[PDB]
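Undergrad: Partial complex follows, first chain(s) only, in situ:
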Amino acid sequence: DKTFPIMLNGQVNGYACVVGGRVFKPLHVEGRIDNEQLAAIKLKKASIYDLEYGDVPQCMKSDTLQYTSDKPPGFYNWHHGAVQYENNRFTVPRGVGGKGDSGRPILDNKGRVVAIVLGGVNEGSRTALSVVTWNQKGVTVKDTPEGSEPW
């Protein structure tokens, strides 16, 4: 797995992570990408999408496995423990999921990155997030609960 922080002013401001099929960088924030191999790659950002085009030589291509439909409620391994929910983002503990750690992938226990967080700072006594994943049939759609800011 290659999940890389983004270098801004010599400190971490983002967190770039490569995914199956295409290499991914969260283009919501800026900062020089730490990896030198990615340091010479053109940027392809859409109006609302903040994703890097996959231009890694196909030796290390598809570092991960993408995620299909049929979301279970079960455990998804997160950087800070497992997450367990199905209707929307898991009720992450308070304090966790704040700010400054943009671009963190939530993966299945089977190695299938279910979604990519793009904010969702607080959602009450619990907290869900604003993320993007396949819609129902494999459509890269973002869902943003109200009160969502990059985390």
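TA: That came through fine. Numbers count the residues shown, from 1 in each chain, chains lettered A, B, ... in the order given.
Undergrad: Show me where chain A has its strands.
TA: Secondary structure of chain A by DSSP state E: the strands cover A:3-8, A:11-17, A:32-33, A:75-78, A:81-84, A:105-107, A:113-117, A:131-134, A:140-143.
Undergrad: Note down every partner strand of the third one and its orientation.
TA: Looking at strand A:32-33 with DSSP bridges, its paired strands and their directions are strand A:3-8 (antiparallel).
Undergrad: Show me which positions of the partner strand end up buried.
TA: Neighbour-count burial for strand A:3-8 flags A:3-7 (criterion: 16 or more other CB atoms under 10 Å). No exception for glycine: its C-beta is placed from N, CA and C like everyone else's.
Undergrad: and it with strand A:11-17, angle?
TA: In terms of direction (axes from the mean of the first three to the mean of the last three CA atoms, to 10 degrees), strand A:3-8 departs from strand A:11-17 by 140 degrees.
Undergrad: Go ahead and name everything in contact with strand A:3-8.
TA: A:12-18, A:25-26, A:29-35, A:38, A:103-105 (CB atoms under 8 Å, 6 or more residues apart in numbering).
Undergrad: go with 10 Å
TA: Outside strand A:3-8, the residues that touch it by CB atoms under 10 Å, 6 or more residues apart in numbering are A:11-19, A:24-26, A:29-35, A:38-39, A:63-64, A:79, A:101-105.
Undergrad: What of stretch A:83-94?
TA: With CB under 10 Å, 6+ apart as the test, stretch A:83-94 has contacts from A:71-78, A:80-82, A:97, A:106-107, A:114-115, A:117, A:120, A:122-131, A:143, A:145, A:148, A:151.
Undergrad: ok, now with 7 Å
TA: Stretch A:83-94 is contacted from outside by A:71-76, A:106, A:120, A:125-129, A:131, A:145, using CB atoms under 7 Å, 6 or more residues apart in numbering.
Undergrad: And for stretch A:38-51?
TA: Applying CB under 7 Å, 6+ apart, the contact partners of stretch A:38-51 are A:24, A:26-28, A:33, A:52-53, A:55.
Undergrad: to the structure above, add chain B:
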Amino acid sequence: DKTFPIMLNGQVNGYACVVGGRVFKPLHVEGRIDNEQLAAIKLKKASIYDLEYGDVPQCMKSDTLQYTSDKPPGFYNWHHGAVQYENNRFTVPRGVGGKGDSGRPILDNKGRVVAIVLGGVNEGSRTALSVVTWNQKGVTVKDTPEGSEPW
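TA: Placed with the earlier chains, chain B looks like this:
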């Protein structure tokens, strides 16, 4: 000894090596030289010669000892074992001496770099190389066996 790979796209494409008297870089291939001290040195390439001018401060000057005439057939320490031949380049093992490792010096067992390889990919069930060294009286001449490509 300072033998340095050449940095192209953040991976090794060449192999620069400093020699007695003058600092050497194989200018046949390109790529940013890894060493910062060499990163600010002008380039002096001839029509057929791919050698860097020696512009290192004379503190580390003459890192090696050059090689005189009277080639013995004996062992010359190579990056991949010793080499033993006199008429031409040693019958290197098959598979060894392929491509991508340009700029590798062959040294005497006494610390005297007999020649510098500049290709010679394959020469049959054995393999010799295309190299450059003193001719007979100390003349920097290249010999290229037929079927020679940079290695």
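Undergrad: Same as before for the contacts of stretch A:38-51, with chain B this time.
TA: A:24, A:26-28, A:33, A:52-53, A:55, B:9 (CB atoms under 7 Å, 6 or more residues apart in numbering or on different chains).
Undergrad: Kindly reformat the residues you listed as CSV containing distance to residue A:135.
TA: Output for the contacts of stretch A:38-51, formatted as CSV (distance: CB to CB, whole Å):
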residue, distance to residue A:135
A:24, 18
A:26, 20
A:27, 21
A:28, 20
A:33, 28
A:52, 21
A:53, 21
A:55, 26
B:9, 37
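Undergrad: Buried members of those into ChimeraX, please.
TA: Here is the ChimeraX command that picks out the buried ones among those, judged by 16 or more other CB atoms under 10 Å in any protein chain shown:
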select /A:24,26,27,33,52
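Undergrad: Show me the two of the contacts of stretch A:38-51 that sit farthest apart.
TA: The distance between the two most remote of the contacts of stretch A:38-51 (CB to CB) is 27.0 Å, for A:28 and B:9.
Undergrad: wait, what's in contact with residue A:137?
TA: Counting by CB under 7 Å, 6+ apart, residue A:137 touches residue A:69.
Undergrad: Give me the distance between the residue nearest in space to the middle of chain A and residue A:110.
TA: Centroid-nearest residue in chain A, with CA atoms, centre = their mean: residue A:116, separated by 2.8 Å. Residue A:116 sits 17 Å away from residue A:110, taking CB to CB, to the nearest Å as the criterion.
Undergrad: coming back round to it: just list whatever residues bridge to the residue nearest to the centre of chain A.
TA: The partner residues for residue A:116, given DSSP bridges, come to residue A:105, residue A:132.
Undergrad: wait, doesn't it sit right on residue A:131?
TA: Yes. In this structure, residue A:116 is within contact of residue A:131 by CB atoms under 7 Å, at 6.0 Å.
Undergrad: Number of residues surrounding the residue of chain A found nearest chain B?
TA: Residue of chain A nearest chain B, by CB to the nearest CB: residue A:36 (3.9 Å). By other CB atoms under 10 Å in any protein chain shown, 11 other residues sit near residue A:36.
Undergrad: Give the full set of residues in contact with the residue in chain A sticking out farthest from the centre.
TA: Distance from the centre of chain A peaks at residue A:125, with 23.2 Å (CA atoms, centre = their mean). Shown in contact with residue A:125 (CB under 7 Å, 6+ apart): residue A:94.
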